[PDB]
Amino acid sequence: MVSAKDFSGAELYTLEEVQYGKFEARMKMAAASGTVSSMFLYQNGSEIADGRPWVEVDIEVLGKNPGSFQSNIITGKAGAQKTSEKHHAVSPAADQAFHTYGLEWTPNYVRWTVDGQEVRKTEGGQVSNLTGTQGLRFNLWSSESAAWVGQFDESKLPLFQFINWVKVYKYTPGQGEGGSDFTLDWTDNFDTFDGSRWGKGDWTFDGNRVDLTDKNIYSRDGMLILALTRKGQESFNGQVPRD
Ligand SMILES: [Ca+2]
């Protein structure tokens, strides 16, 4: 899908969705005023305004402040969303080093972790409204809401978000591993783009100044790269960072 938008971004998403689990991703985020660099659980179809419930859990690095990320739980329905934005410091800055971002989802709570340390845990409330299944996604784009992400600093493009690896665990309460309540299910070390596991976004949405396209996701040197660039300049010409 293609529009006249001058920029292209990326959205990586799992082809399958699941109910509950732990999701970890080792990554280095991208950040410039005006950008959004993320990791989120998402129930496909939530955007359908037919009275259907919205189910989503977010980790979003807003480009204007690379030293922190916003957490969020989105429930309710399209046009009538219920949110819970919170902010958490990340050191060193999200775009300066790799960190391990974790999301835990059970029937009773959602937990956010950075390098194994909890930064947020929500129990009940919106967690009870996270029904159904959710897929694991990551995207990199730029919001037209200057108040949320800051004025768009186009001069800083191109930008790249690097994903070293992803681990997904099944929710095994009381049956988990090492005493925990999660059992490792699968891991992707991104030595390749595995199309049997992931999809690449190929759409855009209002408020996004970029087209999400398949040309903005690729792998090199054990890293999955998400690119935010001007249209036609999606290729990465640098050296992949080491973790
Ligand atoms: Ca890797």
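Throughout, residue positions are numbered sequentially from 1 according to the sequence presented. Both ligands and their constituent atoms are indexed starting at 1 by order of listing. Quick note: numbers below take in every heavy atom, side chains included, and nothing from hydrogens, waters or symmetry partners.
Between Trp148 and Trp141, the ring planes lie tilted relative to each other; the angle falls in the 30° to 60° range. Using a 30° and 60° split on the angle between ring planes, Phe69 and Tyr101 fall in the perpendicular class, above 60°.
When only modelled atom types and interatomic distance are considered, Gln81 and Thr83 share no side-chain donor-acceptor pair under 3.5 Å.
Partners of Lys231 by salt bridge (charged side-chain N to carboxylate O under 4.0 Å, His left out), not counting sequence neighbours, listed by chain and number: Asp211.
In summary, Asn189 places an N/O/S atom under 3.0 Å from the Ca ion (ligand 1), meeting the contact criterion. Residue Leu224: no N/O/S atom is found under 3.0 Å from the Ca ion (ligand 1).
Expressed to the nearest 10°, the angle at the Ca ion (ligand 1) joining O in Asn164 with O in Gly222 is 90°.
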